[PDB]
Amino acid sequence: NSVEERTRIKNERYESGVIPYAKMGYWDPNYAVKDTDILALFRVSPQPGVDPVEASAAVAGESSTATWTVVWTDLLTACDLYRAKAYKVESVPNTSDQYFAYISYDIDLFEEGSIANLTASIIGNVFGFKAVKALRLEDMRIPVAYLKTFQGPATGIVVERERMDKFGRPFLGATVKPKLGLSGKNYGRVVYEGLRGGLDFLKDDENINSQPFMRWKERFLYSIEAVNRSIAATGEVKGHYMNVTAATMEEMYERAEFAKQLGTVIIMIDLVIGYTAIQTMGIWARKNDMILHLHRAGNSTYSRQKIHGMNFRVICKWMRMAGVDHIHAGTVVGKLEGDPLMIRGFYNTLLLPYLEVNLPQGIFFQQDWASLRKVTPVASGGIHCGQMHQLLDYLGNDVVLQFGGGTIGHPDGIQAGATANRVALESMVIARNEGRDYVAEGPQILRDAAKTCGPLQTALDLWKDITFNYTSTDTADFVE
Amino acid sequence: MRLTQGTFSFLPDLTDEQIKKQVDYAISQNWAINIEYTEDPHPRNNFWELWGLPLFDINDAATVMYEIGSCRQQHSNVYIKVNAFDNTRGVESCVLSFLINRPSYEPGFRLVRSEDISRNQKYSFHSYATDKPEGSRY
Amino acid sequence: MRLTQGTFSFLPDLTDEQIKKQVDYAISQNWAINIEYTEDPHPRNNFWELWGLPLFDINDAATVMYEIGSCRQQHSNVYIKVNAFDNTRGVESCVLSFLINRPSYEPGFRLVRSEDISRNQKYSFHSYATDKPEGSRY
Amino acid sequence: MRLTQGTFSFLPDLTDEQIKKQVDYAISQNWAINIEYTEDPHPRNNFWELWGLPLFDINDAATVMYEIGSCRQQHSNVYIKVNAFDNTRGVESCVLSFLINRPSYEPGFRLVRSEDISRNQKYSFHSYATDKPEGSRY
Ligand SMILES: O=C(O)[C@@](O)(COP(=O)(O)O)[C@H](O)[C@H](O)COP(=O)(O)O
Ligand SMILES: [Mg+2]
């Protein structure tokens, strides 16, 4: 017996103990969504015996203000406002115990301009909750008022095309191969041959940073020599993605500043550096007139399986906000996962000023991009010029088509490989622009161009029947 | 050497019929079209000379083809390109640019190098054509 | 000296009827009320000791007056204050705080000075009451 | 106040039998044991005074209990603690430290504050016991 016992809360909601999250304010099917709210769509798979609304309310609670037992300290805050609300819970089509949960979060929950803070709430703890055996974040509605606190792309595709003086076609690129083992001088050789032969860009591989077989400075030095040789040889602006990925921010800055000092138009970074280093680089790139390419290293660890993780379209949104200028977004027909309708959703999320709901493409929220600049999608991995009609159709005009093996694997050399890709691209673009059914006629369009291009003839002969036909793991829940 | 600026410069020089089809494409997208020319082939020569004003709200490809011919009478010895512009918000930029005339001989560029700090060098692209004054280059 | 923290400390010590009227006022605004006490009078002693939990959604002033009385009985020799809190968004803070008990004698503070760079000094407020341990101060 | 340094200070002062069981535990792990004492209770007083050398390779708890009694004859008015040390590579540190004697009255600490830059303050923990010289504190 004491003053503590005497002043205990008798109110049923705020007396001590455990009560369901759906009775704590985190379930409200009548909640009126505000235009400033952050919305999230989760695919929720409850454990046996767990109610779908309760699972959804738990996700809402533990990603906003709740814990597992009632706390009086709620009453020191405007708690009715700060609690997130699951406001719609629906069955996912063609599943037994899987649900779409729409959750609203007030704009005041979040730190302005911080991907780390947004993700700390939305994905921090809720994916490990015992009560849901699986959870996937499918989409988010980032309101205009929160988007305005972010830079968006440092450069964006419009300014990128202006810097490169290249309009009305995809960009071309290539990853240098083998992935690891080349010296700085050999790296420069490959870059020179690829650019001089017709490619707009080449790139360091994601895992090429600084290593015993090649330290970073010589690579950057030889690479800019190769670039400038190729510019003088062709009269085109050219670039090589110098990879500044490193262990610490100080090392990344040292590498980015050196690349800047050499006059590169472009650098790259890997997703594995993480969100805070990426945002830091996005700001640096805006300040230093640099195209910032993001390789999505590690993304498929959480993005591959339909029942659990984070769909890549959400990552597209966060990285566009963070300030990258390119991101890898799929090929459909190459060696990596890529359902065509999912990919269409990714490319639209990166490039459009505004998205309408489009359930077949996995676009669950209307998304105003608040005039943030546009991210150039990058199609890379296991593609070849025999697919050029398919690439132009699935992926469109605003993309970098990267052919690593598809350039350097050419039997007549790296220049020949580059020339094949460049001729194939222009042949397909001109046919599309003339109104031709270039998808139906594509193989013949490529054969016709090959009649006056030995390198293309050889590339078609070598690779034309190479396909990567496998069932997709990441697929839509609705069809047109 | 062949200057490979422009969307179609790895393909042979475009015929008037090919050019008209690209103009038709631009018109079908409601893009503004203009014609520019230069005798400085530098990759960062951003401002080629204007041949009149851009043509906005174009119904007829023949109007563009007429001006192409008229520009060629004065400047077919040098570079001429056709650009298309889209003023839709979020684009507000060129969306197509291709070469329609080239000089008979393009000598290309000397890569100039200067020694700088440690192993760093400074680079410059020197156009051989620009060894002579405007009017005497090609 | 008289410690003049609190909203009404330039007026005489409040009577029980004065205190009750402030409590009624706070109840009329739907403010939460709590009671706190201390024997460190430092102006930056932010966290006076809690007398139980705050009273939330209060109907009855007599209930608050009882806890005021109960705290005064256990801590009659030291400072006691009543705070009112407003959890409306954009406030979410104390909106009224006044003293309801004080020691019969407050010796106050020594101003401590240390020499620093050039003419700058560093300052500290030393409470005479804190010359003795807690429980032996007042 | 009660000084709550040591592993078991939220439990009542340990009996000799409880202490012997902790000593038995230490012996069973082949930990070295020592006894230390102090009359400066500061939380960062890292070096309490040594009562002899640590006892290494101990077979018998009674040897430790003897020295505990002997230390108490000289220092039972102040703090005495028992420590156990593990010299296994990667530990090489204390692995258990508990209080076995306390003064009858511990006045505790004054929290001293000084004004610094903007809103920052500098803090010090002043032991009331240390108001008197060693030998006259407790
Ligand atoms: O390491 C590789 O495999 C690549 O360099 C491609 O080499 P090739 O061009 O020789 O296939 C790219 O990093 C992947 O395309 C990344 O995949 P995604 O674009 O899906 O993130
Ligand atoms: Mg790679």
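Backbone-built Cβ (ideal geometry, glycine too); neighbour counts: all protein chains shown. None of the figures in this text is laboratory data; all of them are computed from the coordinates on show.
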How many residues does region D:123-138 hold that are assigned to a loop (DSSP other than H, G, I, E, B) and either within 12 Å of chain C (Cβ to nearest Cβ) or in contact with a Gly (Cβ under 8 Å, 6 or more places away or on another chain) (or both)? 1
Just a yes or no: is a residue in region A:279-294 crowded, with 19+ Cβ neighbours inside 10 Å and either within 16 Å of ligand 2 (Cβ to nearest atom) or among the acidic types (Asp, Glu) (or both)? yes
Taking the stated definitions as given, is B:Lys81 of a type outside the set (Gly, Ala, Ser) and touching a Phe, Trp or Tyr at 6+ places or on another chain (Cβ under 9 Å)? yes
Quick check: is even one residue across region D:97-112 polar (S, T, N, Q) and in contact with a helix residue (DSSP H, G or I) (Cβ under 7 Å, 6 or more places away or on another chain)? yes
Can you report the number of residues in region D:34-63 which are in a loop (DSSP other than H, G, I, E, B) and of a type in the set (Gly, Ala, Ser)? 1
Which one of these is over 27 Å from A:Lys133 (Cβ atoms), in contact with a helix residue (DSSP H, G or I) (Cβ under 6 Å, 6 or more places away or on another chain), surrounded by fewer than 23 Cβ atoms within 10 Å (Cβ to Cβ) and not aliphatic (A, V, I, L, M): A:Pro360, A:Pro353? A:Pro360
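Conditions tested, residue by residue: (1) more than 14 Å from chain C (Cβ to nearest Cβ); (2) closer than 30 Å to A:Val479 by Cα; (3) crowded, with 16+ Cβ neighbours inside 10 Å.
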position	(1), (2), (3)
A:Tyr14	no, no, yes
A:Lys34	no, yes, no
A:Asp51	yes, yes, no
A:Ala57	yes, yes, yes
A:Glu62	yes, no, yes
A:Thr69	yes, no, no
A:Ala86	yes, yes, yes
A:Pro93	yes, yes, no
Among (1) without any contact (Cβ under 8 Å) to a residue 24 or more places away in the chain; (2) more than 14 Å from chain B (Cβ to nearest Cβ), there is one condition A:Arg313 misses while meeting the rest; what is its number? (1)
Scanning region A:428-455 for residues that are in contact (Cβ under 8 Å) with a residue 12 or more places away in the chain, within 11 Å of another protein chain (Cβ to nearest Cβ) and assigned to a loop (DSSP other than H, G, I, E, B) gives A:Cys453
In region A:302-315, how many residues are of a type in the set (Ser, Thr, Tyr) and either within 16 Å of ligand 2 (Cβ to nearest atom) or touching an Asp or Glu at 6+ places or on another chain (Cβ under 8 Å) (or both)? 1
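Every residue, every condition in (1) without any contact (Cβ under 8 Å) to a residue 40 or more places away in the chain; (2) on the phi < 0 side of the Ramachandran plot; (3) more than 16 Å from ligand 2 (Cβ to nearest atom); (4) in contact with a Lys or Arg (Cβ under 8 Å, 6 or more places away or on another chain), yes or no:
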position	(1), (2), (3), (4)
A:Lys317	no, yes, yes, no
A:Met321	no, yes, yes, no
A:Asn358	yes, yes, yes, no
A:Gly362	no, no, yes, yes
A:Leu391	no, yes, yes, no
A:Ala416	no, yes, yes, no
A:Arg422	no, yes, yes, no
Can you tell me which of A:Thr458, A:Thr467 is surrounded by fewer than 21 Cβ atoms within 10 Å (Cβ to Cβ), in contact with a helix residue (DSSP H, G or I) (Cβ under 9 Å, 6 or more places away or on another chain), over 30 Å from A:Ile363 (Cβ atoms) and not aromatic (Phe, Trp, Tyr)? A:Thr458
Odd one out for C:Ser124 among (1) of a type outside the set (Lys, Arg); (2) touching a residue at least 40 places away in the same chain (Cβ under 8 Å); (3) touching a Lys or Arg at 6+ places or on another chain (Cβ under 7 Å); (4) under 27 Å from C:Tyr138 (Cβ atoms): (2)
For region C:78-97, indicate whether the set of residues that are within 10 Å of chain A (Cβ to nearest Cβ), among the hydroxyl-bearing types (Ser, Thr, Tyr) and part of a strand (DSSP E or B) is non-empty. yes
In region C:103-122, residues that are surrounded by 11 or more Cβ atoms within 10 Å (Cβ to Cβ), of a type in the set (D, E, K, R) and assigned to a strand (DSSP E or B) total 2
Qualifying helices (runs of 4 or more DSSP H) (wholly inside region A:165-274; at least 3 residues being more than 16 Å from ligand 2 (Cβ to nearest atom), away from every other protein chain (no Cβ under 12 Å) and buried (at least 19 other Cβ atoms within 10 Å of the Cβ)): A:249-262
Can you tell which of B:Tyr66, B:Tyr37, B:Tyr25 is hydroxyl-bearing (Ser, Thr, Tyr) and surrounded by fewer than 14 Cβ atoms within 10 Å (Cβ to Cβ)? B:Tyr66
